Amino acid sequence: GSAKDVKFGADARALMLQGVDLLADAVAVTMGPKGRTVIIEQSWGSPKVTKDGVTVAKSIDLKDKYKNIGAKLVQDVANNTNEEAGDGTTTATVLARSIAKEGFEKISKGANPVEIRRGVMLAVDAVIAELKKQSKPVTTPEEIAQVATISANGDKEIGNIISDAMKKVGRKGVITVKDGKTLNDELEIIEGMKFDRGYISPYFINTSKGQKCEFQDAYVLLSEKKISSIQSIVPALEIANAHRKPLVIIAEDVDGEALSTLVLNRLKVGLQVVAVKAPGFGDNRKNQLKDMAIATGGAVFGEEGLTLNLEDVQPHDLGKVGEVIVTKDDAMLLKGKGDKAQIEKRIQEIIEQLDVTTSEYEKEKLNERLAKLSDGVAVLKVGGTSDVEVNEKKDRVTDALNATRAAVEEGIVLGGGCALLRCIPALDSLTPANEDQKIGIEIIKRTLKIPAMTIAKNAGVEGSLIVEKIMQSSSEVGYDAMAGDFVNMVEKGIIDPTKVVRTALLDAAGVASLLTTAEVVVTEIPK
Amino acid sequence: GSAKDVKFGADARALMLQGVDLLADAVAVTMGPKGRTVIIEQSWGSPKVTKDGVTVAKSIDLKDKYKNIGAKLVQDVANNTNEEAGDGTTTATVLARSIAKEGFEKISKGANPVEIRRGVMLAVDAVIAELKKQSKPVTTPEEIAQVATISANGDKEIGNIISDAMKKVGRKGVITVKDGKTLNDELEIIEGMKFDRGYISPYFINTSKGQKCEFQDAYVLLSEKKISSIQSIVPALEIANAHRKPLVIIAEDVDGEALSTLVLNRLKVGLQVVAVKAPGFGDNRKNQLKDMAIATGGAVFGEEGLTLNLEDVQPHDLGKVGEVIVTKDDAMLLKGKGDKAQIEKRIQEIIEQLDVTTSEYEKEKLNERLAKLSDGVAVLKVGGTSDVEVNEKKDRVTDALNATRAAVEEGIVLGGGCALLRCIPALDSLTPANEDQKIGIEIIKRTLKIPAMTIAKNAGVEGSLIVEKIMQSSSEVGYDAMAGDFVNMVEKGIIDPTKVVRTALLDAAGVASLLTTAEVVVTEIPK
Amino acid sequence: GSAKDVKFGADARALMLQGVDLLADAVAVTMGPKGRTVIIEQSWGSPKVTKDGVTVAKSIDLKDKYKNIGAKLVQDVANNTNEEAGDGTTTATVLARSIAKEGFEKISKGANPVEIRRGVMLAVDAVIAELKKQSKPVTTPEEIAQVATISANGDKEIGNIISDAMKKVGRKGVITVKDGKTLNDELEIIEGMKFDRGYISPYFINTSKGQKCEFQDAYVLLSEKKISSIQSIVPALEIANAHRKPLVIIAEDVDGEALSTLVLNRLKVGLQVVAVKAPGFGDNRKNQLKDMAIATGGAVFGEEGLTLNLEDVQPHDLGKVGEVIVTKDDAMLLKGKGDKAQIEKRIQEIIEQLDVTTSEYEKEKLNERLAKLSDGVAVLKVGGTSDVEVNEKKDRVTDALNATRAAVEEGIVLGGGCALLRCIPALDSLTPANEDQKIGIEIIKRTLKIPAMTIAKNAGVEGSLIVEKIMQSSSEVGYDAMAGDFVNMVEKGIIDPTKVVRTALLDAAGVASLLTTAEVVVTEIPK
Ligand SMILES: Nc1ncnc2c1ncn2[C@@H]1O[C@H](COP(=O)(O)OP(=O)(O)OP(=O)(O)O)[C@@H](O)[C@H]1O
Ligand SMILES: Nc1ncnc2c1ncn2[C@@H]1O[C@H](COP(=O)(O)OP(=O)(O)OP(=O)(O)O)[C@@H](O)[C@H]1O
Ligand SMILES: Nc1ncnc2c1ncn2[C@@H]1O[C@H](COP(=O)(O)OP(=O)(O)OP(=O)(O)O)[C@@H](O)[C@H]1O
Ligand SMILES: [K+]
Ligand SMILES: [K+]
Ligand SMILES: [K+]
Ligand SMILES: [Mg+2]
Ligand SMILES: [Mg+2]
Ligand SMILES: [Mg+2]
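Residue numbers (the authors' numbering), protein chains in the order written: chain C, 1 to 527; chain B, 1 to 527; chain A, 1 to 527.
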């Protein structure tokens, strides 16, 4: 119902190309090892300094609506590349700008831009096939460190710390990046089953040196129902007193009467007991409770289906741990005495639960439960003297982790934009159906030189001469823009994930070739 | 979604440098002993006069958003220096402006500002290592008075009063600054356990000369629960009457029945009794009650875990004090007869509780409880004729206290900016990795002369000649800008905390070297 | 977060001096016996005509924020002088303007304004010491009348009425200024225990000539609790009827049953009784009832602590008065037959209560209770034909009362600004530490001539010649600007309180010397 403005043909295409050019010129200064940073003002406080392509892209909107349409389309390119791969958003931005510009230049009266888009997609399919042909899998942790170092803008310490984390918790393990209160980055490996619930009562502390409660070779009593009655807690204390062993009671809550009995026995006579709240807020809480019961070799009390009551507890019904530590904010369990076959059965049940999940929030919970069962988690705390530096380094650490995961799952190719440079003869071996498909193939062929040219241009040298020298060299030889020399890319460690490269190319081409099919642009009249 | 303005390169860098220069020029007039003050207009009332760098920094925002970005970044520098150290914010501001200016001057086509930032950080690490090498610990109260005098803009009385406070309550004791109703500053030492709760009933006054209640060698009855029944108070009164000794009932509250019994026994027959509310509003109330019971050698009645009732009071169960003073707004306990070993055990329990605490509010409560247990607290009341003078002097007193604590924990170096001046040959003994790292090292080397130059410039002399005369002199010789003479800085008392200097340098460098890496600035279009 | 404007140095200082000069020029026309008045527009109603310096100062705000900062600082000077002394705000304003102007003129590149402020404070301390040296105590009521006459702009009737009030109720008694419906001012002395509560029932009138209840030698029944039941009031009526004496019942309230019994006995059989609500609204009500019980020799029934009951009343328990007057809006008790020792004990208890309070509202209640127990209160009703004249005269009456109290508590010095003129040789005896302290001492030395110059300037003569003639004359000789001659100021009654002069000088100097230390002024952008 709102009044609209309508533009036709070359003027509208030039306006959207101006928007695409502005956004891509802002993004492209951050590309490569000699790329610079972008400062974006934030309304609520300190500005954000970033080297991330999708962060620069998503922070740009234009007053002109025709320019803003192209800006939003390249924003879609960068956001899709960030969601699919987690890296390569600047490459996707410059590839999309190149495809849009070369497609806008090729539109005439007799041209058919839809068939040009068809040829573009055929050429991109050929290039992706060649990229999959020339890729090799990751076999050594040195390649992991090299990938994480290249993806973190040459930071060797970030790559080394990611390699150490992947050595400790596994290449498919859980690694989480967070802030740090120190100047330097640190890696913390959390082993066993550690959850975010401390002790209910502060009188359970038997080690005042760290304000924590520690036991060795303790019984574990697991329950989903809240323990409140005297009769629900006396028999477990009777087993723990008869066998002279400590007892940790993990439950949803411990109410007043049961906690009064526990604190009275802890203080007056010296009973080794500690109460712990059950982590989770629903079905995840019961799933985690079952995981600790399986790991400790105990059964869960207050089951909704099995109906196990706390008034008849057996010594075999209690789990066992070699070590437990409970603090103010967290509790952890070490060396559970559970049966290994049941632990493995729960592990593959979690794995089969991971096969069918699309919410991308239950997937993280299942991965966390698998890590707590198998090998623990890794926490990367990013150091810095201020919040802006911490955020700037955290973006690079997240990029390096995403690229390391992509390289683990799909392999590596040559870095520096040389992987796309070696797929040009695959396009030279193509037979187009007509003239418009040939135009699209030539558009993709000219676009394939763009990332290496941008990386060389950001280093202060002429990118066309560098690209020609790379193409005239052997397949293993590329350009190192840090040292500024022509080297062996694999031996020098300049490598890229295959998934990142193909994702950036496909996501750029799909939106840019559709943008180049436009004849009429309809916008709203600015009020 | 809002429309944005995008600027590239030298114009955006010049605008950010204009904002940084404006804020730093406003801050830099307050530096040194000949620095002046800044008047900031307050909307709600009287303007604020200050000599504090972070106060001037946080009070400046610019209508130009490109200038405001640099202003916010140097605001972050000043605020981080204030949060980590509590002093040295003007030095951090001028160092950050110098690093930003010299890094903006050094950007060209072939320059790599990220490697320049790497060299800046390496040079700052070398300078911090040299500062820790040249630092010496504080060993005498004369050095404490000298540090507090230098940090309070040459006020000898503030330094003397801080030295007296640190002599009385300890160098790690609790000292609190507040306003004063008198012209002159005063120091009040609160010894023993004094809390903010007065008597419940005004009929408990036995000393009408000061409208207060005083007893000597009194029993103490401490209750975690509110005393409400008559039967909960008859046995304690019976013990106090049989032993003929005063009773101080520290409880959560006293209801109508127990209070009427207390006033009736006070007035009709002459029972020496007084009732006082338990200080605190939660877990801290029970913690303070436990510390009072441990110091007085008694037990807390109505315990949530131990379940001690007030109907079974014993003479050994009651605590003892040598003197208790009860005032309308406060009550205090002197010479508790508690066991020294249990008091020491509670003291190290509080100390170990202090080791694991990051909330920075429980830390203050634990420090206050430790001070009430060990050595009391100190209160500095700042004098003046108006609120603006009191606030202006209170800023300097807070600065002097922060610098004194920093000098206690980390030692002292030469004042007047000479400590950074003596770390230049440590940078001269550095081998850069490449040209950009060499550029960053030279940036830090030129920046290291800035604080002494600013201090000398604020004194009306040429700072470059003064700086050159300092470097041509011995390592113990610096410039006194008050006398305007070249002196021995340790013998004249012109010294600085090492922590303040390294904090200011690191916080300036970390943000300014990241600001100098910028190529594109994105701001919001002003509505 | 709001956008700010920042000004540096001489331009900012000139704008602040423009604001200070505007507000001080408006204030200074009201100074001395030949000062004029200022009309301030009020939004709600009629404009206000005043000769008060703090009233003129607080009513001025400027659109220019740089000028408004200086205006607010001189407002702070005037308000601090008004709150500390109650008089001398015009003198403080002109002294502050002089110190600000002389400090602004003396700022150069080599000047240190903080040391100038230190020298200003040292000189002001020397002048205050000389003022305390030359002060004389007040010994005669003629000096009281002279002080109150000078402070009331030469009004001899106001001074005489204040001297009469201080003669009747004491020099430290309670005197309250209020409006008058008559053309002329009047002084009313309220003796005994008069409070703002009338009788509960209009049937208690036994003297309809003034619509009042009139009894001689009456029993008094004082109750802290409400009297509602029949049996709560029958025994007291039985003692009153048996001894054949009138009964005034001062209680919190009287409910329907007891009131109906009282009115039935008053109308039918002719019982001399009257019921009166207890004055106060809380703890002050109980305190006032206790003072009435002590003064009348009775006891308070329904006390919360002692728990006295109205069902067992003894003839000695009731208080006695020689005369009680009950009026529709107020009730008074005369010739209480209480024990003199207990009255004195209550008086010293109230006196000791006054030394441990700072709320300034409980102090008024304590002083009112002490006046009702010892000497009564005085009410000055200010006459006039309109509200504007009544307010204008009430400001001068309040000024004269404040100056009379200050002269009682601290003594008197020479008026007309001659007391500050005689302190100049004390500054001539000073030895400055450096050049900036010498500058500050010279600033204060030139400032000391300002009040006499302003008083002579308002009289229409050249103030510099007058000040030179005063300084060349004897120490007892000053300038009567009212008569325009040179006289003995003590013999002519032209005297000032020492407290007012030293308060005005200290309050002016403390703010103005801090204002002259500024280099940067930060204001908000006017929206
Ligand atoms: N020393 C180097 N020499 C040559 N090329 C390099 C070097 N280091 C990195 N590269 C290449 O530079 C590219 C990395 O650029 P950059 O990480 O800034 O952008 P991106 O991966 O496209 O996107 P994002 O901004 O999301 O990280 C990769 O192609 C990588 O192979
Ligand atoms: N008499 C003096 N001679 C030379 N240098 C001095 C003298 N007194 C102090 N200084 C130096 O001046 C500096 C103190 O400046 P100032 O306290 O105004 O600023 P700051 O500490 O950087 O910041 P903040 O505004 O937060 O206090 C220190 O480097 C100190 O060593
Ligand atoms: N006849 C007189 N001859 C000379 N000086 C006089 C005479 N009468 C009063 N003065 C002086 O004039 C001053 C009184 O001025 P004024 O009361 O207007 O101002 P103030 O006390 O500074 O302030 P405020 O406006 O609060 O009253 C005093 O210094 C007093 O000694
Ligand atoms: K990038
Ligand atoms: K400063
Ligand atoms: K006046
Ligand atoms: Mg990357
Ligand atoms: Mg300081
Ligand atoms: Mg006056």
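Where is the CB? At the ideal position from N, CA and C, for every residue including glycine.
Asked, Found
"Beta carbon of residue 90 (chain B): closer than 6 Å to some heavy atom of ligand 2?", "yes"
"For the putative contact between residue 180 (chain A) and residue 383 (chain A), defined by C-beta atoms under 8 Å, what is the C-beta separation to the nearest angstrom?", "4 Å"
"I'd like the ranges of any alpha helix (DSSP H) spanning at least 4 consecutive residues and lying wholly in the region 90–136 of chain C.", "113–134"
"Check whether chain B comes within 7 Å of residue 71 (chain C), counting only Cβ atoms and requiring the distance to be less than that.", "no"
"Give a single yes or no on whether residue 471 (chain C) has its beta carbon closer than 6 Å to a heavy atom of ligand 1.", "no"
"Check each residue of the region 196–230 of chain B: if its Cβ is closer than 7 Å to any Cβ of chain A, include it; give the result in chain order.", "203, 208, 209, 210 and 211"
"Where do the ends of the alpha helix (DSSP H) carrying residue 458 (chain A) lie?", "450–458"
"Counting by C-beta, which residues lie closer than 6 Å to a heavy atom of ligand 8, in chain order?", "B:87, B:151 and B:399"
"Looking at residue 289 (chain B) and residue 300 (chain B), is the spacing between their C-beta atoms short of 7 Å?", "yes"
"Closer than 7 Å, Cβ to any Cβ of chain C: which residues of the region 346–363 of chain B, in chain order?", "349, 352, 353 and 356"
"Apply the 10 Å Cβ neighbour rule to residue 353 (chain B) and answer buried if 16 or more other Cβ atoms are within range, or exposed otherwise.", "buried"
"From this set, A:95, A:234 and A:228, which residue's C-alpha is nearest residue 446 (chain A)'s C-alpha?", "A:95"
"Flag residue 26 (chain C) as yes when its Cβ comes closer than 6 Å to any non-hydrogen atom of ligand 1, and as no otherwise.", "no"
"Please classify residue 594 (chain C) as buried or exposed, where buried requires at least 16 neighbouring CB atoms within 10 angstroms.", "There is no way to answer for residue 594 (chain C), as the model of chain C reaches only from 1 to 527."
"DSSP three-state call for residue 411 (chain B): helix, strand or coil?", "coil"
"Could you confirm whether any beta carbon from chain C is found closer than 7 Å to the beta carbon of residue 306 (chain B)?", "yes"
"Would you say residue 419 (chain B) touches ligand 2, meaning its beta carbon is less than 6 Å from a heavy atom?", "no"
"Which residue marks the beginning of the beta strand (DSSP E) containing residue 332 (chain B), and which one marks its end?", "331–336"
"Can you name the start and end residues of the beta strand (DSSP E) that residue 489 (chain A) belongs to?", "Taken as a continuous stretch (DSSP letters only), residue 489 (chain A) belongs to no beta strand (DSSP E), as it is neither H nor E."
"Roughly how many whole angstroms lie between the Cα atoms of residue 106 (chain B) and residue 505 (chain B)?", "20 Å"
"Excluding the 5 residues flanking residue 20 (chain A) on each side, which residues of the same chain have their C-beta closer than 6 Å to its C-beta?", "70, 74, 97 and 100"
"Go ahead and label residue 563 (chain B) buried or exposed: buried means 16 or more other beta carbons lie within 10 angstroms of its beta carbon, across all protein chains shown.", "This structure cannot settle anything about residue 563 (chain B), because the visible part of chain B is limited to 1 through 527."
"Answer with buried or exposed for residue 53 (chain B), where buried requires no fewer than 16 other C-beta atoms within 10 angstroms of its C-beta.", "buried"
"Can you find a CB in chain C that lies within less than 7 Å of the CB of residue 82 (chain B)?", "no"
"Is any non-hydrogen atom of ligand 3 found closer than 6 Å to the C-beta of residue 33 (chain A), if you look at the structure I gave you?", "yes"
"On the three-pair Cβ rule with 8 Å, is the region 501–520 of chain C touching the region 31–39 of chain B?", "no"
"Looking only at its chain, what residues have a beta carbon closer than 6 Å to the beta carbon of residue 190 (chain A), apart from the 5 residues adjacent to it on each side?", "376 and 377"
"Below 8 Å, can you find three or more Cβ-Cβ pairs linking the region 394–408 of chain A to the region 145–160 of chain A?", "yes"
"Under 8 Å: do the region 172–179 of chain A and the region 194–214 of chain A share three or more Cβ pairs, one atom per stretch?", "no"
"Evaluate residue 396 (chain A) with the Cβ neighbour count: other Cβ atoms within 10 Å of its Cβ, from every protein chain shown; 16 or more gives buried, anything less gives exposed.", "buried"
"Using a cut-off of 7 Å between C-beta atoms, extract the partners of residue 113 (chain A) located in chain B.", "36"
"Does chain A have any CB closer than 7 Å to the CB of residue 47 (chain B)?", "yes"
"Quick check on the DSSP output: what are the complete alpha helix (DSSP H) runs of length 4 or more inside the region 45–91 of chain C, in order along the chain?", "53–58 and 65–84"
"Which bits of chain B does residue 22 (chain C) rub up against, with CB to CB less than 7 Å?", "6"
"Can you tell me where the alpha helix (DSSP H) with residue 291 (chain A) in it begins and where it stops?", "283–296"
"At a threshold of 6 Å, does residue 493 (chain A) count as lining ligand 3 (C-beta to nearest heavy atom)?", "no"
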